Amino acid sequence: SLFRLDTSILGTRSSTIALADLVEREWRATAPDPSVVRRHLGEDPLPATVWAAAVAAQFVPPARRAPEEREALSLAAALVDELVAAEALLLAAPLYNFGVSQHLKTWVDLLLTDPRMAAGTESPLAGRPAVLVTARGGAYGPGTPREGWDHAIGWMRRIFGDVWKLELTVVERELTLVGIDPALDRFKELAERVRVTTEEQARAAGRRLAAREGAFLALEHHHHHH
């Protein structure tokens, strides 16, 4: 099955929801399991109290735990349950105020309270494919005035890439505030070609996710010594 996490708060005007939708159409089209499990933290955020309670329970004989502590670690397990149930991941995290979504950080903070996701434990997701959909208002690449101002990209890549050891495909649509903020009207055409191109890339990542089981069984080089 595919697991889909949306974190956008802008509803129907969401670039990330729209790009993720194009990825999902491709999954359902070519995937052996077109099934999709979804969670929308943007509409249904995880409460801001449950993390602290889980961190406390984490080292307490389960019986000496308190109502909120237990309910907190139970919820952590349900969220891990969803990730370990999916053969592939679609995670849509837009750029807000130069950093991580409050909703994405919350979700990840609480996941990492579940024993199966602690530190030093082997990721139960290693090798599994993930498409990450981000968008930005302005342009953030090398040589722009906003180079190194996306403090989110690197964090999500360390968690999904280096910690969870997921196989990561990234779809970034920059210039989503072009036509919205006049100060970016020197970008009108660039912004358009960017959109069309990243729409294909979102279609592309969906096709590639769908076929990853096949592509792994067709893989022969396994670096045995010789």
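Note that residue numbering begins at 1 and tracks the sequence as displayed.
Colleague: Look over 15-23 and 214-222 in the entry and identify the one with the greater average Cα temperature factor.
Modeller: Per the deposited B-factors, the answer is 214-222.
Colleague: In the PDB record, does 58-66 or 186-194 carry the higher mean Cα temperature factor?
Modeller: That would be 58-66.
Colleague: Select one of 90, 156, 118, 139: the residue whose C-alpha shows the highest B-factor in the crystal structure entry.
Modeller: That would be 118.
Colleague: Hey, out of 36, 41, 180, 31, whose CA B-factor is highest in the deposited coordinates?
Modeller: Answer, based on the entry's C-alpha B-factors: 180.
Colleague: Lowest, middle or highest third: where is residue 124 by Cα B-factor in its chain?
Modeller: Highest third of the chain for residue 124's C-alpha B-factor.
Colleague: Which third of the chain holds residue 108 when residues are ordered by C-alpha B factor: lowest, middle or highest?
Modeller: As the PDB entry reports it, the C-alpha B-factor of residue 108 lands in the lowest third of its chain.
Colleague: Relative to the other modelled residues of the same chain, rank the CA B-factor of residue 174 and answer lowest, middle or highest third.
Modeller: Lowest third - that is where residue 174 ends up once the chain's C-alpha B-factors are sorted.
Colleague: Sorting the chain's modelled residues by C-alpha B-factor, tell me whether residue 135 ends up in the lowest, middle or highest third.
Modeller: Its C-alpha B-factor belongs to the lowest third of this chain's values.
Colleague: Quick check for you: using the entry's CA B-factors within this chain, is residue 71 in the lowest, middle or highest third?
Modeller: Its C-alpha B-factor belongs to the highest third of this chain's values.
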